[PDB]
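Q: Before I ask anything, let me first share the structure, which is written out below as structure tokens.
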Amino acid sequence: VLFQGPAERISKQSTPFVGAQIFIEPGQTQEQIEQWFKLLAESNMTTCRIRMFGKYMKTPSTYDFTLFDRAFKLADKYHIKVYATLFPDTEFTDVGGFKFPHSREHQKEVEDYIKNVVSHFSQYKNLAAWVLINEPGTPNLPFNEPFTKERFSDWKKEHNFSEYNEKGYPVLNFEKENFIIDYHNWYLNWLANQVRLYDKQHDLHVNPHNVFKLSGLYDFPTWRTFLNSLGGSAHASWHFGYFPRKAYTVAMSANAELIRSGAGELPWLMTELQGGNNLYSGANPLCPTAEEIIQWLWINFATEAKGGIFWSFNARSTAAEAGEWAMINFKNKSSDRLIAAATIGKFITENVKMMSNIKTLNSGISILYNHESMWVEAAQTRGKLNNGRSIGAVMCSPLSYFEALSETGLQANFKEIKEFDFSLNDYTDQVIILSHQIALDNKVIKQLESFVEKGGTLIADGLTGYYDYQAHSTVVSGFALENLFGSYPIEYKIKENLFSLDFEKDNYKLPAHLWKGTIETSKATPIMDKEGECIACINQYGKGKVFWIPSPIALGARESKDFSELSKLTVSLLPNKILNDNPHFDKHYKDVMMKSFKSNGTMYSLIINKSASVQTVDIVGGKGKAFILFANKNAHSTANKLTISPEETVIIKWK
Amino acid sequence: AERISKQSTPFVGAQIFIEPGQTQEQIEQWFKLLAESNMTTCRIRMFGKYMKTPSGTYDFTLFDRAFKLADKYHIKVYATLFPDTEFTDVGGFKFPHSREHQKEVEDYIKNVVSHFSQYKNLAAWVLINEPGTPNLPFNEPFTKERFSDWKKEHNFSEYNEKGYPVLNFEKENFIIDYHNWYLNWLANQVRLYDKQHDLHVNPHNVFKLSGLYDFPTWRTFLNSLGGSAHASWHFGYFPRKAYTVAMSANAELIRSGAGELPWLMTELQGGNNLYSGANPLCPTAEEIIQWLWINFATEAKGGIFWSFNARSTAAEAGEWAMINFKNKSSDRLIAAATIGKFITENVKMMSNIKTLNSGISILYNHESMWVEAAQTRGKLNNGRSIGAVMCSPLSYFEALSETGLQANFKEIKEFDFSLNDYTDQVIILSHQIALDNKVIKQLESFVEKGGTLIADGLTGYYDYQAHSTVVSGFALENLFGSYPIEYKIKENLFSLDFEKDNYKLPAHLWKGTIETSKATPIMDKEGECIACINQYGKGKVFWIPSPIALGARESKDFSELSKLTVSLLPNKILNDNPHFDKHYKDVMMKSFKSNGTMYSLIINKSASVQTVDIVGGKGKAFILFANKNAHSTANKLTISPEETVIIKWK
Amino acid sequence: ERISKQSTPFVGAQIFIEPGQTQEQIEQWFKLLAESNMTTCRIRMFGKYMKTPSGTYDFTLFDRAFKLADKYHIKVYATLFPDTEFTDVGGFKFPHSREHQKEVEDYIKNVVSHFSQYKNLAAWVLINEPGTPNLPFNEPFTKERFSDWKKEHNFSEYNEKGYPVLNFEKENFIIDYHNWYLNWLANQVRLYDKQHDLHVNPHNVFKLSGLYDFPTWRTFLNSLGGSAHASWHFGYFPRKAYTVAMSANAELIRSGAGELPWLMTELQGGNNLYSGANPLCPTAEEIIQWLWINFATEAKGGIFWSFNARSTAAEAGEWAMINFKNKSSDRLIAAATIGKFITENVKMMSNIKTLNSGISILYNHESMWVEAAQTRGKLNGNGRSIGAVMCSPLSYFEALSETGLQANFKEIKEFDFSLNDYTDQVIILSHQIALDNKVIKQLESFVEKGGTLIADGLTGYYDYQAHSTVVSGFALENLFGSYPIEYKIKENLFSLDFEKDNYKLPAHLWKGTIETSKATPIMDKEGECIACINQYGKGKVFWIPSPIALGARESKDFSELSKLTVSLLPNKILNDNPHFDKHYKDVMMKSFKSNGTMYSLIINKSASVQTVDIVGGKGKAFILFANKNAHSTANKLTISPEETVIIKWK
Ligand SMILES: OC[C@H]1CN[C@@H](O)[C@@H](O)[C@@H]1O
Ligand SMILES: OC[C@H]1CN[C@@H](O)[C@@H](O)[C@@H]1O
Ligand SMILES: OC[C@H]1CN[C@@H](O)[C@@H](O)[C@@H]1O
Ligand SMILES: [Cl-]
Ligand SMILES: [Cl-]
Ligand SMILES: [Cl-]
């Protein structure tokens, strides 16, 4: 309010914006840059992001800021605020930027870069945020480079591990993975402290990326310590490999939930969305439709995003991504993608109060993932790629539950287990899904026992709890979840990729992936299959209940490309209060999503139809009459039945 | 101290997996259930890691505990020498890393053998777990120095006697001698401290690693030969429905290597792959019964399952176990127990099993595998890939199995070429692409003295130096009474259409044409000569230079190869040996004797009830073992899917 | 005898010489070579098989072969092939070290001084198969040369306008390094022999064309050669289109040759056993097809790898035209019919000049270099992988072949841009993604002066520094009378449906949209602008920035690309050149002249007898060559599957 001063500082009450990367490199003319900022302003965008390339400021000897001065001044002229990304000198062929210093000497070059860049550009009144580093984290961390190798050595010296647990069993300690967490914590914190030596006024921001693979690098609760907002790159062509294109709605929803969870009390925004065409770039190349641009912006805003920034407004000109990713065409005019984005910027300025106070309507369903399940999976599958026996099953399982709930029109959180609040006295009508979270330790099992005792519903499928955080299987040594599950594993038997669990009663069938789990119940009620084996159980535990099915049924739904049975089963296990209080679909709808939110007391719903046909969606739960506030293809409703067209995005206001 | 022999009572057993953290109570629970499951024997990994103390001294307590509980339940122990190695190293190191490491191994053996040789229930030392690896450590100083010394003591020339360039396969020949040296050195280290107990070793992945293994030399220092034969690691060349054939070939191969020594299968898959294995499965109860009967019918003195109980941490945690997570019997342990019980109820029959040799020997040689590796430059699938020289003879083996005929599967050096008479004996050389002068003389002698030789694919195209006498002057012209003309590459699967009877053989990849001098030509519908029969002294040679064994494999149909092979067999083999009246897809039979009494093992791997008409030998069928109530009407056996049957001929 | 554009063409074959061969077998080869109407052999002058322990040269092994060649009146192409590993099939491409360069100097002095004295020596082949994908940047000699080259070339990280650039230092050095080594080899030979022709065989040209500066090579060669092997070099095609592959390979070498005569130094003579990437045994019909395609494209020779086979390890008993009894395969009998046709038609065959339609398909080094940086080395002939910049122009080439129209296939620097008139000439730039200002000026000049320019795919998207003027200010806007708007990635295969209902073109991967200023827009059925025709001086430009050549390739249907290209050709090309009345799938025709008389080569690669209606040029069809009794009725040719036909126009 004072310490704020002129620089307008982001909060959970900020007006959301649409924006775009403005790509600055030498060779551009004043005239082409002005043309970009002018069209950006006319497209109802308030914000740009700029890579502050060290390469294009370093002179043969000193820093020359001219190239970026030119751009900041044209941004200021058009009333555009700047997210400035700290991007020290690196090879021209290094698209994403280095993730850690190479050497002590290189660290001092980074220090010097930050001093020069932040001292100079902090003086512009249109600077909105410092992005500490572009896209922290990579798959291939540089353990070979002297700086990282020395840090890992020091870290090992200051952490005593034993090769055995308290009971005497051999263990893995995951020194590499735990160091990598602390190393990201250290470098992003050090970058924040370097900026703070020269600028205590402007927001600090960072964009974690490829989150369905790199979530095991990321300690979001620690990052809150030094950030003012959490960001993200969520690119259809890089990050959504686990989904088909028609489910990029579900991918963006999960990516948004994951960042929102990491953000905690901090506001968040999507620092990068795909603005344009892959020519040679991308793993899953596309040119987003106008319809996809609208879908992604609404999903993010409905999940509390304070912003959506497109990579990129204008294109790079040379080598990697030359003439790729751009919202503008090669004549510097609007693609149908920029026209679509402009409709959302316009909607915000016409609905300022609604859009500035969005709070996601939490159903009370939390889908939890943990670092340690991903780390144990990596050691056990020895890095096969693909499937339960490959890297990524521990994320594809909970993502399948997420998709099943989306196709039921139910919100679900997607959270790292440490982001879940286990300290409350009541969990009546809260639900935790642990889908193939193969690593759980004593400490987390106590937290789950507490959650269920106090009224929580726990749903557990696949190999959840098979290992502890040291890759020791208590299924072998003495099962640590026996008390909570009221039951004990007997066998896993590997089967085909896709098989059927045929229950005894009602001739009822679940698709299952790869392994058939059998159990023995003590306190739990057994559920039997047609072969007279016990495949699942319900344990009443204090005020709560546990549903345990040790076959992977989430992955079975994914393998069968049919979430209808997982939807019906999950719905049947939910507390009545979730279904009565939350808008959802009367039944499962393939390739439709709904998520609901509130803004100052008023409830809203976001609906997207990704199927090939017009759908009539019967919305039940909550209260109110449906009023269509946003629809890009003439959706209509009759009572609470919404008729929605293929690729249409709809916002309903509940009157 | 009890020494194993060819008269020993066979046993069923299982690995007992010992690591710190286990309680006295859980270990006793394992040995008690093992004894109740009619198992006599366990195997224990004597981990150096779990005996070495901070100061480098040895503490034996963890393994004392296990040996004492074994002793209490009258269970004998196969103790595997397994020096300290990384916790993540599942299989163990195959050679010392350095001279310093060799001295650590010396010290480990002194301590472990001096101590555990004193237990009365010790049955055998396993010298090393699973000798041999695909990736031999030529980078490590110890191996690199030994290879250098070996090359200096072997004078090789770049040219042969005729002047032609040669390859000398220094790496491959050194690797043979290096395995010989390390296993012999381990045996001598044990013998410094214990001259009383059997020495054993378990070669593994034999359809790929047979080129590492000189079994005749190993006989000089072993009391028994072992094997790991795991459905999930070693049978990639087969589908699951033919793991009967895979296990039969694996058993034959070890039996051949064993020679005069007794053999047993040191490891069979006891349980489920979660994350482990190349071809993951959970064996059925029916497969456990099938594997034990195939091994015993092939003279195995034992079958040990990996594993009774599971590892607890990281690789294979809660995997491979015969017991469930409550330490009770899976259907697999219940099945194994039926076989241990059958043994104790039929001691004399089961203690004296001798495989009924049909007289058919399918031979493979190291050098064909070595030349194939140089020529295919390591492509992976197929005739143009690593493994065709093993898949070809395995296809003949499968064709004979589906005819109910036993076949040996032997390295060429394990075949006895010194006899005076080979009337009614048959050698199959199926795509054995490397043969030298010395072995061709032995084959000439074998055929002259009455032997039948069947040769298909590129058998004999190269010598042991990768020199093709097909180009320079064909070394098999004399024996074959014929000369190759050309190979022409075709599709992966094509048909050889013979002139006579419009009859059709599946063939893989290459069509061979020949010219006969002394041999009788066999012509195709295009007027080209594709095969011949050469009368040579008392014997005959059938040569078809197209790969017809691999053609059967590629077509998943061994029926034509069955009919053709049967047509070529001496009448005595068909009259004296029980076999099928015709080819049966996915059925196997192998016969054995115990004292004068003849038995047959039949397994149906098809999806339907089969009626198998058994002809040859003498006697009337009495069904002695049948886990699904097979019945016979005269010598026609009605056998259910997955059923194992033992017939006694009365 | 020095070779010229008037030389009598020959059929010939490698005579493979190594120690261990006998006088008798070598004489047998030369005698059968002479009886097969071959005049020429090629011999690898292995340094390994001449060097003695003391370092002196013993020429005996090669004297024997040269003397037997001389006795049978066979001339020799002698390949300079210094000492190298026995396992090195192709030979080293550059010296390893300064010390190694001196060994090469010494090898050339000895071999050229001695063998230049034989009267039957026709040519020195300076090096076998210059170029490889994996250049040895780690070896001292190459590493020193690259360092020196970089020191003598000043590059900046920015262009004149200030934009970041790539400079392709590695690719530009590799061009100059090949230029240097081949020129140095030529000068080393010339120290000892100024009398005999210098020759070299570039290989795998559809991948390695980016290594090869043929205009520079002309300064030191008397003839350009080539290896064009069906099993190594034609991966971008199916076997039924190896007609088109050989035609393109011949056109590419002919273009490289410029004023020099050319011949194909290596064609596949025989069977792949274990060797080759796309293994085959050429048919007799394919041998005839390849010889006629090459001679119709002005080849002065076809030499088969190989007459006889290597004996040891790699390619032992592979590639040979003779069988293992040293008699003729159907391949050698087929080749012999063409050597006989030559001696019976000496005047016609000695003066062949390809009938240039006026269509030139151009590729450039820089499009291949830019593609390699942008695709970061992804694999196949898909737009997002290495090789799309060659598969695109090859697809236009195939579409024209299936219309019976000749097309040149030329590096852009081999096209003569200096003429005053280009009326009735056509340049096709199909996905040539890199064009600089200098070449665009040359194209402006070509169109102004009457040229037709056809451009598809991402032609012109980048300059030679991987900078996209599509982004910064489009360098082809002036010539194209239009500007790119967007590329939008689609499926592998999609349809461009013109608003006219004229055309439904298959298109690959990317849909390009444009905005016309001067050009006439062409709209699709979705109302987007996908192509244009710009009148520019006397000439015209057809621009369609979607890849329709790659779309034809992906759809395996060139019919629409044929129809569209034909509709854009100057009337004069269709009236003056024999071509098909319409597109024929899997038929090719190419025409040539010999002193004023016109001929056409037709090959049917379809599964069925075709009746091909030939229109354009003048005259009545007379069948001069047909291997399967083709007939014509007026100008309709009835031609059998795999049949090669030569028509003489009367
Ligand atoms: O790949 C498109 C963009 C994704 N991430 C961004 O930070 C940029 O580095 C890339 O060019
Ligand atoms: O993979 C299962 C077992 C196979 N080989 C054995 O010797 C053990 O090392 C393994 O754990
Ligand atoms: O592979 C066949 C031949 C192709 N290129 C030739 O120069 C030889 O090196 C080969 O043996
Ligand atoms: Cl940035
Ligand atoms: Cl062991
Ligand atoms: Cl040569």
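Just remember, in the structure tokens the first chain shown is A, the second B, etc., residues are 1-based per chain, and ligands are 1-based in the order shown.
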Ligand 3: which residues are within 9 Å, counting only C-alpha atoms and all ligand atoms, as a list in words?

A: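 My answer, listing the contacting residues, is residues 44, 88, 89, 90, 91, 128, 129, 201, 203, 227, 228, 229, 231, 232, 265, 266, 267, 268, 272, 275, 276, 305, 306, 310, 314, 315, 318 and 319 of chain C.
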
Q: Could the residues that lie within 8 Å of ligand 5, counting only C-alpha atoms and all ligand atoms, be listed as a PyMOL selection string?

A: chain B and resi 15+43-46+79-82+126+129

Q: Given the selection you just returned, output its residues as a file containing C-alpha atoms, formatted as a compact mmCIF listing (two decimals), in the first residue's frame.

A:
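Generated output (selection.txt):
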# COMPACT_ATOMS: atom_id res chain seq x y z
CA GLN B 15 15.49 -69.67 -3.67
CA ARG B 43 19.27 -71.81 -2.74
CA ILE B 44 20.71 -68.79 -0.92
CA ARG B 45 22.61 -65.76 -2.26
CA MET B 46 25.53 -65.45 0.20
CA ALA B 79 25.08 -71.59 -1.42
CA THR B 80 25.85 -69.05 -4.20
CA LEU B 81 29.22 -67.24 -3.90
CA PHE B 82 28.10 -63.61 -4.38
CA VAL B 126 27.31 -72.22 -6.83
CA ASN B 129 25.48 -66.54 -10.20

Q: Write out as a tab-separated table the residues of chain A that have any atom within 6 Å of an atom of ligand 4, one row each with the nearest atom pair and its distance in Å to one decimal, counting only C-alpha atoms and all ligand atoms, sorted by chain and then rising number.

A:
residue	atom	partner	partner_atom_place_in_ligand_line	distance
A:50	CA	ligand 4	1 (Cl)	5.2
A:51	CA	ligand 4	1 (Cl)	3.7
A:85	CA	ligand 4	1 (Cl)	4.8
A:134	CA	ligand 4	1 (Cl)	5.8

Q: Output the selection as a compact mmCIF listing (two decimals), in the first residue's frame - N, CA, C and O atoms for each residue.

A:
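File written: again.txt
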# COMPACT_ATOMS: atom_id res chain seq x y z
N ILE A 50 8.87 -10.02 -22.60
CA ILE A 50 10.06 -9.77 -23.44
C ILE A 50 11.24 -10.52 -22.86
O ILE A 50 11.54 -10.36 -21.66
N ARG A 51 11.89 -11.30 -23.70
CA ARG A 51 13.16 -12.00 -23.37
C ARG A 51 14.29 -10.97 -23.41
O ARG A 51 14.66 -10.51 -24.51
N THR A 85 11.84 -11.08 -18.80
CA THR A 85 12.47 -12.35 -18.44
C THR A 85 13.99 -12.19 -18.39
O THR A 85 14.57 -11.83 -19.40
N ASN A 134 13.62 -18.22 -17.57
CA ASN A 134 12.63 -18.85 -18.49
C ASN A 134 12.59 -20.35 -18.22
O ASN A 134 13.67 -21.00 -18.29

Q: For a quick test of understanding: name the residues of chain A lying within 7 Å of chain B when counting only C-alpha atoms, and present them as a list in words.

A: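 Result: residues 167, 168, 169, 170, 171, 380, 381, 389, 471, 472, 473, 475, 476, 477, 489, 490, 491, 492, 493 and 494 of chain A.
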
Q: Let's have the selection written as a PDB file, in the first residue's frame, with C-alpha atoms.

A:
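The result, written out as again_8.pdb:
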ATOM      1  CA  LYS A 167      13.993 -52.130  10.587  1.00  0.00           C
ATOM      2  CA  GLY A 168      17.353 -53.078   8.863  1.00  0.00           C
ATOM      3  CA  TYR A 169      16.015 -53.503   5.213  1.00  0.00           C
ATOM      4  CA  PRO A 170      18.044 -52.083   2.295  1.00  0.00           C
ATOM      5  CA  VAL A 171      16.756 -48.729   0.942  1.00  0.00           C
ATOM      6  CA  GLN A 380      11.583 -49.463 -11.228  1.00  0.00           C
ATOM      7  CA  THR A 381      10.755 -49.010 -14.974  1.00  0.00           C
ATOM      8  CA  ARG A 389       5.723 -50.435 -16.959  1.00  0.00           C
ATOM      9  CA  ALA A 471      11.415 -47.890  -2.746  1.00  0.00           C
ATOM     10  CA  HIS A 472      10.970 -50.433   0.127  1.00  0.00           C
ATOM     11  CA  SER A 473       7.688 -52.411  -0.358  1.00  0.00           C
ATOM     12  CA  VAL A 475       3.486 -55.003   0.847  1.00  0.00           C
ATOM     13  CA  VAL A 476       6.430 -57.456   1.352  1.00  0.00           C
ATOM     14  CA  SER A 477       7.774 -56.439   4.846  1.00  0.00           C
ATOM     15  CA  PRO A 489      -2.681 -57.475  -0.697  1.00  0.00           C
ATOM     16  CA  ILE A 490      -2.434 -61.207  -1.650  1.00  0.00           C
ATOM     17  CA  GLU A 491      -1.075 -61.216  -5.281  1.00  0.00           C
ATOM     18  CA  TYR A 492      -0.486 -59.141  -8.417  1.00  0.00           C
ATOM     19  CA  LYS A 493      -0.708 -61.122 -11.662  1.00  0.00           C
ATOM     20  CA  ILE A 494       0.355 -59.400 -14.909  1.00  0.00           C
TER      21      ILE A 494
END

Q: Counting only C-alpha atoms and all ligand atoms, what residues are within 6 Å of ligand 2, given as a ChimeraX atom specification?

A: /B:90-91,129-130

Q: Residues up to 8 Å from ligand 1, counting only C-alpha atoms and all ligand atoms: could you list those as a list in words?

A: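 With only C-alpha atoms and all ligand atoms and a cut-off of 8 Å, ligand 1 is contacted by residues 95, 96, 97, 134, 135, 233, 235, 238, 272, 274, 281, 282, 311, 312, 321 and 325 of chain A.
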
Q: Restrict the selected residues to N, CA, C and O atoms and save them as a CSV table (one decimal), in the first residue's frame.

A:
chain,number,residue,atom,x,y,z
A,95,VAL,N,17.4,-22.4,-27.5
A,95,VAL,CA,16.0,-21.8,-27.6
A,95,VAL,C,15.5,-21.4,-26.2
A,95,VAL,O,15.0,-20.3,-26.0
A,96,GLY,N,15.6,-22.4,-25.2
A,96,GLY,CA,14.9,-22.3,-23.9
A,96,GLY,C,15.7,-21.6,-22.8
A,96,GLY,O,15.0,-21.0,-21.8
A,97,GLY,N,17.0,-21.5,-22.9
A,97,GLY,CA,17.9,-20.9,-21.9
A,97,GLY,C,18.4,-22.0,-21.0
A,97,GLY,O,17.8,-23.0,-20.8
A,134,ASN,N,13.6,-18.2,-17.6
A,134,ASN,CA,12.6,-18.8,-18.5
A,134,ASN,C,12.6,-20.4,-18.2
A,134,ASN,O,13.7,-21.0,-18.3
A,135,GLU,N,11.4,-20.9,-17.9
A,135,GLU,CA,11.2,-22.4,-17.9
A,135,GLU,C,12.2,-23.1,-17.0
A,135,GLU,O,13.0,-23.9,-17.5
A,233,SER,N,4.3,-22.4,-18.5
A,233,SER,CA,4.2,-22.7,-20.0
A,233,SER,C,3.3,-24.0,-20.1
A,233,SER,O,3.6,-25.0,-19.5
A,235,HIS,N,1.9,-25.6,-23.4
A,235,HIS,CA,1.9,-25.6,-24.9
A,235,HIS,C,1.3,-26.9,-25.4
A,235,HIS,O,1.9,-28.0,-25.1
A,238,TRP,N,4.1,-29.1,-27.0
A,238,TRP,CA,5.2,-29.6,-26.2
A,238,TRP,C,4.8,-30.5,-25.0
A,238,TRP,O,5.5,-31.3,-24.6
A,272,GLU,N,2.9,-18.7,-20.7
A,272,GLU,CA,3.0,-19.1,-22.1
A,272,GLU,C,1.9,-20.0,-22.5
A,272,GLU,O,1.7,-21.1,-21.9
A,274,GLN,N,0.3,-21.6,-26.5
A,274,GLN,CA,0.7,-21.6,-27.9
A,274,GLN,C,-0.2,-20.7,-28.7
A,274,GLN,O,-1.4,-20.9,-28.8
A,281,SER,N,9.0,-27.0,-35.5
A,281,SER,CA,9.2,-27.1,-34.0
A,281,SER,C,8.0,-28.0,-33.4
A,281,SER,O,7.1,-28.3,-34.1
A,282,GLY,N,8.1,-28.3,-32.1
A,282,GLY,CA,7.1,-29.0,-31.4
A,282,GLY,C,7.2,-30.5,-31.5
A,282,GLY,O,7.8,-30.9,-32.5
A,311,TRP,N,2.8,-17.3,-26.4
A,311,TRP,CA,4.0,-17.4,-27.2
A,311,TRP,C,3.6,-17.7,-28.6
A,311,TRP,O,3.1,-18.8,-28.8
A,312,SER,N,3.6,-16.8,-29.5
A,312,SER,CA,4.2,-15.4,-29.4
A,312,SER,C,3.4,-14.5,-30.3
A,312,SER,O,2.6,-14.9,-31.2
A,321,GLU,N,12.4,-22.0,-35.0
A,321,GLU,CA,11.1,-21.4,-34.9
A,321,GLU,C,11.0,-20.1,-35.7
A,321,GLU,O,10.0,-19.3,-35.4
A,325,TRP,N,4.9,-19.9,-34.4
A,325,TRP,CA,4.3,-19.7,-33.1
A,325,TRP,C,3.5,-18.4,-33.1
A,325,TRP,O,2.8,-18.1,-32.0

Q: I need the residues of stretch 217-333 of chain B that end up classed as strand (DSSP E) by DSSP on the backbone, written out as a ChimeraX atom specification.

A: /B:228-229,263-269,300-306

Q: Output N, CA, C and O atoms of each residue in that selection to a file, as a CSV table (one decimal), in the first residue's frame.

A:
chain,number,residue,atom,x,y,z
B,228,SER,N,19.7,-71.1,-15.5
B,228,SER,CA,18.6,-70.3,-15.3
B,228,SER,C,17.8,-70.4,-16.6
B,228,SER,O,18.3,-70.1,-17.7
B,229,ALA,N,16.5,-70.8,-16.5
B,229,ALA,CA,15.6,-70.9,-17.6
B,229,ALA,C,14.3,-70.2,-17.2
B,229,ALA,O,13.3,-70.8,-16.8
B,263,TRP,N,22.9,-82.8,-14.2
B,263,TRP,CA,22.5,-81.4,-14.3
B,263,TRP,C,21.2,-81.3,-13.6
B,263,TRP,O,20.4,-82.3,-13.4
B,264,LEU,N,20.9,-80.0,-13.3
B,264,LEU,CA,19.5,-79.6,-12.7
B,264,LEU,C,19.3,-78.1,-13.1
B,264,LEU,O,20.3,-77.5,-13.5
B,265,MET,N,18.1,-77.7,-13.1
B,265,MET,CA,17.7,-76.3,-13.4
B,265,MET,C,17.8,-75.5,-12.1
B,265,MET,O,16.9,-75.6,-11.3
B,266,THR,N,18.9,-74.7,-12.0
B,266,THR,CA,19.1,-73.9,-10.8
B,266,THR,C,18.1,-72.8,-10.6
B,266,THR,O,17.9,-72.4,-9.4
B,267,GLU,N,17.5,-72.3,-11.7
B,267,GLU,CA,16.4,-71.2,-11.6
B,267,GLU,C,15.3,-71.5,-12.6
B,267,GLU,O,15.7,-71.6,-13.8
B,268,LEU,N,14.1,-71.5,-12.2
B,268,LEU,CA,12.9,-71.4,-13.0
B,268,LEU,C,12.0,-70.3,-12.5
B,268,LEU,O,12.1,-70.0,-11.2
B,269,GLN,N,11.1,-69.7,-13.3
B,269,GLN,CA,10.3,-68.5,-12.8
B,269,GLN,C,9.3,-69.0,-11.9
B,269,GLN,O,8.4,-69.8,-12.3
B,300,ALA,N,17.0,-83.9,-15.5
B,300,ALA,CA,17.3,-82.9,-14.5
B,300,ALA,C,17.2,-83.6,-13.1
B,300,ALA,O,16.2,-84.4,-12.9
B,301,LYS,N,18.2,-83.4,-12.2
B,301,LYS,CA,18.2,-83.9,-10.9
B,301,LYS,C,17.5,-82.9,-9.9
B,301,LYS,O,17.5,-83.1,-8.7
B,302,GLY,N,16.9,-81.8,-10.5
B,302,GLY,CA,16.4,-80.8,-9.7
B,302,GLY,C,15.7,-79.7,-10.5
B,302,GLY,O,16.1,-79.5,-11.6
B,303,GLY,N,14.8,-79.0,-9.9
B,303,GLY,CA,14.2,-77.7,-10.3
B,303,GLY,C,14.1,-76.8,-9.2
B,303,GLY,O,13.3,-77.2,-8.2
B,304,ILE,N,14.8,-75.7,-9.2
B,304,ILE,CA,14.8,-74.7,-8.1
B,304,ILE,C,14.1,-73.4,-8.7
B,304,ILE,O,14.5,-72.9,-9.7
B,305,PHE,N,13.0,-72.9,-8.0
B,305,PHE,CA,12.3,-71.8,-8.5
B,305,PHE,C,12.9,-70.5,-7.9
B,305,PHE,O,13.2,-70.4,-6.7
B,306,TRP,N,13.1,-69.5,-8.7
B,306,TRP,CA,13.4,-68.1,-8.3
B,306,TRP,C,12.0,-67.5,-8.3
B,306,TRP,O,11.4,-67.2,-9.4

Q: When DSSP is applied to the backbone of this structure, which of stretch 267-470 of chain C are assigned alpha helix (DSSP H)? Write them out as a PyMOL selection string.

A: chain C and resi 284-296+330-344+346-350+365-375+388-401+437-448+469-470

Q: May I ask you to extract the residues of chain A within 12 Å of chain C, using only C-alpha atoms, and to give them as an NGL selection string?

A: :A and (24-29 or 31-33 or 55-56 or 67 or 91-93 or 237 or 276-289 or 314-337)

Q: Residues of chain B no more than 7 Å from chain C, counting only C-alpha atoms: send them over as a list in words.

A: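 Residues of chain B within 7 Å of chain C, counting only C-alpha atoms: residues 162, 163, 164, 165, 166, 375, 376, 384, 466, 467, 468, 470, 471, 472, 484, 485, 486, 487, 488 and 489 of chain B.
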
Q: For residue B:547, list every protein, DNA or RNA residue within 6 Å, evaluated using only C-alpha atoms, and leave out those in the same chain fewer than 4 positions away; present the list as a ChimeraX atom specification.

A: /B:456-457,507-508

Q: Quick one: residues within 9 Å of ligand 6, with only C-alpha atoms and all ligand atoms, as a list in words?

A: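 Taking only C-alpha atoms and all ligand atoms into account, the residues around ligand 6 at most 9 Å away are residues 14, 15, 16, 42, 43, 44, 45, 46, 77, 78, 79, 80, 81, 90, 125, 127, 128, 129 and 305 of chain C.
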